[PDB]
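Written out below as structure tokens is the structure these notes cover.
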Number of protein chains: 2
Amino acid sequence: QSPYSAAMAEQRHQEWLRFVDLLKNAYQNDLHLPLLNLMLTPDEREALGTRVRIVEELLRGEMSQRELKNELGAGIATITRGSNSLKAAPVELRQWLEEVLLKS
Amino acid sequence: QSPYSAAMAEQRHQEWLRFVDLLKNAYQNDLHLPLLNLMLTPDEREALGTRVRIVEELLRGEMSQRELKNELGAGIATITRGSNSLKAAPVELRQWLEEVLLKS
DNA sequence: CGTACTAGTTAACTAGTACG
DNA sequence: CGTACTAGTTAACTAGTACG
Ligand SMILES: N[C@@H](Cc1c[nH]c2ccccc12)C(=O)O
Ligand SMILES: N[C@@H](Cc1c[nH]c2ccccc12)C(=O)O
């Protein structure tokens with residue numbers, strides 16, 4: 001009896017993270033932006049602004065349900081379906097989401 | 001006309017950067033992955049996946065224009081229109097592309 | 001008070017061929 | 001031999017209302 005893969009690494013990284021390695025070369029300076037004008041599009045930083053704005057504004061929960069859609073212009077399907085993604089993720093790394101709002 | 005500084009206007013984009021400061025908090029550890037599962041989508045690693053595939057395979061030039069389409073499945077309009085993006089970018093920061101192509 | 005949902009229109013990307 | 005084009009389809013995202 002002998003296991004195939006278990007010691008050192010359990011999950012294998014093939015695509016999304018070899019991209020996060022070149023991102024840390026332009027994150028020390030700030031050259032991942034002319035790099036994003038060659039491999040992706042302006043529509044990727046258009047959907048980062050309004051998507052990161054309904055989550056950064058929902059987690060506060062003061063004026064974010066009926067009265068928020070008029071300020072930016074993002075429907076009630078995106079503002080409350082962004083809430084459905086929070087209940088699927090785990091709590092050990094939802095905990096880091098608290099490490100980046102609370103300010104420690 | 002002027003020895004130092006030419007034309008005064010001042011301009012800054014605040015959307016992709018509210019996402020780059022919180023991305024640097026999870027880049028020191030590695031919690032930007034549960035982060036990409038609740039405010040990005042699985043199509044955001046399918047676009048960083050296949051878009052980093054036609055550029056990292058075009059810049060070398062071995063099997064990335066005609067014989068590539070069957071190996072993964074992206075069509076000839078993405079692997080040849082991705083070449084048109086390089087002709088628009090500048091050489092001062094395309095130079096950093098050499099800082100991460102030669103070494104990587 | 002809050003959420004979920006039913007109806008409403010837009011956007012990128014994919015695939016095999018045409019010519020320089 | 002290396003690029004770009006004609007024709008083909010596959011997902012994403014907006015908006016305003018009603019019920020628990
Ligand atoms: N994964 C997101 C999908 C999404 C696309 N565009 C959005 C804009 C805002 C919020 C969420 C989204 C969700 O279902 O929640
Ligand atoms: N700006 C890119 C947009 C793009 C979308 N999907 C792609 C796939 C591969 C390469 C580029 C892309 C282009 O037109 O080239």
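Chain identifiers are assigned as A, B, and so on, following the order in which chains appear in the structure tokens; residues are numbered from 1 within each chain, and ligands are numbered from 1 in order of appearance.
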Can you tell me which residues surround residue 48 in chain B at a distance of at most 12 Å, considering only C-alpha atoms (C1' of nucleotides), apart from same-chain residues fewer than 4 positions away, and format the answer as a compact mmCIF listing (two decimals) with N, CA, C and O atoms, in the first residue's frame?
```
# COMPACT_ATOMS: atom_id res chain seq x y z
N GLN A 14 -2.13 25.46 -12.26
CA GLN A 14 -1.67 25.37 -13.70
C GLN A 14 -1.79 26.73 -14.45
O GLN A 14 -0.92 27.02 -15.27
N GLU A 15 -2.89 27.50 -14.23
CA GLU A 15 -3.13 28.80 -15.01
C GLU A 15 -3.21 30.09 -14.11
O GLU A 15 -2.23 30.86 -14.09
N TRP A 16 -4.40 30.41 -13.48
CA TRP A 16 -4.64 31.71 -12.67
C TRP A 16 -3.41 32.23 -11.83
O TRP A 16 -3.38 33.42 -11.53
N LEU A 17 -2.52 31.36 -11.36
CA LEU A 17 -1.39 31.75 -10.40
C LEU A 17 -0.06 31.97 -11.09
O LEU A 17 0.66 32.87 -10.67
N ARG A 18 0.24 31.27 -12.20
CA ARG A 18 1.49 31.60 -13.04
C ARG A 18 1.27 33.07 -13.57
O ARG A 18 2.23 33.81 -13.74
N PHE A 19 -0.04 33.49 -13.69
CA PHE A 19 -0.44 34.90 -14.05
C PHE A 19 -0.21 35.76 -12.77
O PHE A 19 0.36 36.83 -12.89
N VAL A 20 -0.60 35.26 -11.52
CA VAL A 20 -0.33 36.06 -10.20
C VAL A 20 1.22 36.24 -9.94
O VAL A 20 1.57 37.13 -9.16
N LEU A 22 3.77 36.89 -12.42
CA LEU A 22 4.12 38.14 -13.25
C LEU A 22 3.38 39.39 -12.69
O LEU A 22 3.89 40.51 -12.84
N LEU A 23 2.21 39.20 -12.00
CA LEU A 23 1.45 40.35 -11.38
C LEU A 23 2.29 40.93 -10.22
O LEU A 23 2.34 42.14 -10.09
N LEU A 36 -1.98 45.06 -18.81
CA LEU A 36 -3.48 44.76 -18.95
C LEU A 36 -4.05 45.38 -20.28
O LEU A 36 -5.05 44.87 -20.77
N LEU A 38 -2.62 45.03 -23.14
CA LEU A 38 -2.13 44.07 -24.20
C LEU A 38 -2.89 42.71 -24.11
O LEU A 38 -3.29 42.18 -25.15
N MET A 39 -3.04 42.13 -22.89
CA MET A 39 -3.69 40.75 -22.73
C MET A 39 -5.21 40.77 -22.41
O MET A 39 -5.84 39.75 -22.63
N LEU A 40 -5.80 41.87 -21.86
CA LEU A 40 -7.28 41.87 -21.48
C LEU A 40 -8.15 42.94 -22.26
O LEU A 40 -8.40 42.69 -23.42
N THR A 41 -8.61 44.08 -21.64
CA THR A 41 -9.52 45.15 -22.31
C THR A 41 -9.88 46.31 -21.29
O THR A 41 -9.79 46.07 -20.08
N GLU A 44 -12.80 45.30 -18.82
CA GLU A 44 -12.43 44.49 -17.58
C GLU A 44 -12.33 45.47 -16.38
O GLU A 44 -12.90 45.19 -15.33
N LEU B 36 -11.36 36.35 -5.54
CA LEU B 36 -11.74 36.25 -7.02
C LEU B 36 -12.99 35.33 -7.22
O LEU B 36 -13.56 35.35 -8.31
N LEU B 40 -15.49 38.62 -8.67
CA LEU B 40 -14.83 38.54 -10.03
C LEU B 40 -15.69 37.63 -10.96
O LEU B 40 -16.26 38.14 -11.89
N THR B 41 -15.75 36.28 -10.67
CA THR B 41 -16.52 35.15 -11.45
C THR B 41 -15.50 34.05 -11.93
O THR B 41 -14.31 34.35 -12.05
N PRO B 42 -15.99 32.79 -12.26
CA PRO B 42 -15.11 31.70 -12.83
C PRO B 42 -14.64 32.11 -14.27
O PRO B 42 -13.53 31.74 -14.68
N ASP B 43 -15.46 32.93 -15.01
CA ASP B 43 -15.10 33.46 -16.40
C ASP B 43 -13.90 34.47 -16.30
O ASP B 43 -13.25 34.70 -17.31
N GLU B 44 -13.60 35.03 -15.09
CA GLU B 44 -12.43 35.99 -14.88
C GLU B 44 -11.10 35.19 -14.86
O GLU B 44 -10.11 35.72 -15.34
N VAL B 52 -3.85 34.91 -21.30
CA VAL B 52 -2.35 34.71 -21.06
C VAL B 52 -1.83 33.50 -21.95
O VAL B 52 -0.63 33.42 -22.17
N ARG B 53 -2.74 32.60 -22.46
CA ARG B 53 -2.29 31.45 -23.37
C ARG B 53 -1.91 31.96 -24.81
O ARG B 53 -0.83 31.59 -25.27
N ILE B 54 -2.76 32.78 -25.52
CA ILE B 54 -2.42 33.27 -26.94
C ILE B 54 -1.26 34.32 -26.93
O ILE B 54 -0.62 34.47 -27.97
N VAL B 55 -0.99 35.04 -25.79
CA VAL B 55 0.13 36.09 -25.77
C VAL B 55 1.44 35.37 -25.40
O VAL B 55 2.42 35.50 -26.12
N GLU B 56 1.45 34.59 -24.30
CA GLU B 56 2.70 33.80 -23.89
C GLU B 56 3.10 32.78 -25.01
O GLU B 56 4.26 32.39 -25.07
```
Write out as a tab-separated table a residue-level contact list of chain A versus ligand 1 with cut-off 10 Å: for each qualifying residue the closest pair of atoms and the distance in Å to one decimal, counting only C-alpha atoms and all ligand atoms, rows sorted by chain and residue number upward.
```
residue	atom	partner	partner_atom_place_in_ligand_line	distance
A:47	CA	ligand 1	6 (N)	7.2
A:48	CA	ligand 1	8 (C)	8.7
A:49	CA	ligand 1	8 (C)	9.6
A:50	CA	ligand 1	8 (C)	6.7
A:51	CA	ligand 1	9 (C)	4.2
A:52	CA	ligand 1	9 (C)	7.5
A:53	CA	ligand 1	9 (C)	8.1
A:54	CA	ligand 1	9 (C)	5.9
A:55	CA	ligand 1	10 (C)	7.0
A:58	CA	ligand 1	10 (C)	9.9
A:74	CA	ligand 1	9 (C)	7.7
A:75	CA	ligand 1	9 (C)	8.8
A:76	CA	ligand 1	9 (C)	9.4
A:77	CA	ligand 1	10 (C)	8.0
A:78	CA	ligand 1	9 (C)	4.1
A:79	CA	ligand 1	10 (C)	5.8
A:80	CA	ligand 1	10 (C)	7.6
A:81	CA	ligand 1	15 (O)	4.6
A:82	CA	ligand 1	15 (O)	3.5
A:83	CA	ligand 1	15 (O)	6.7
A:84	CA	ligand 1	15 (O)	6.1
A:85	CA	ligand 1	15 (O)	5.1
A:86	CA	ligand 1	15 (O)	8.4
```
- Do a least-squares overlay of chain B on chain A, C-alpha atoms all paired in order, then report the RMSD in Å.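 Overlaying the two chains on their C-alpha atoms yields 3.6 Å.
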Could you list, with a cut-off of 12 Å and counting only C-alpha atoms (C1' of nucleotides) and all ligand atoms, the residues of chain C near ligand 2, each shown with its nearest atom pair and the distance in Å rounded to one decimal, rows sorted by chain and ascending number, as a Markdown table?
```
| residue | atom | partner | partner_atom_place_in_ligand_line | distance |
| --- | --- | --- | --- | --- |
| C:11 | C1' | ligand 2 | 5 (C) | 11.4 |
| C:12 | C1' | ligand 2 | 5 (C) | 6.4 |
| C:13 | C1' | ligand 2 | 6 (N) | 5.9 |
| C:14 | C1' | ligand 2 | 6 (N) | 9.8 |
```
- Residues of chain D within 9 Å of chain B, using only C-alpha atoms (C1' of nucleotides), as a PyMOL selection string? chain D and resi 2-5
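Straight-line separation from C1' of residue 15 in chain C to CA of residue 57 in chain B: 19.2 Å.
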- Task: Could you tell me, as a ChimeraX atom specification, which residues of chain B DSSP assigns to helix (DSSP H, G or I) when given the backbone?
- Result: /B:16-28,32-38,43-58,68-71,76-86,94-99
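Closest approach to chain B among A:98, A:67, A:62, A:10 is made by A:98 (distances from only C-alpha atoms).
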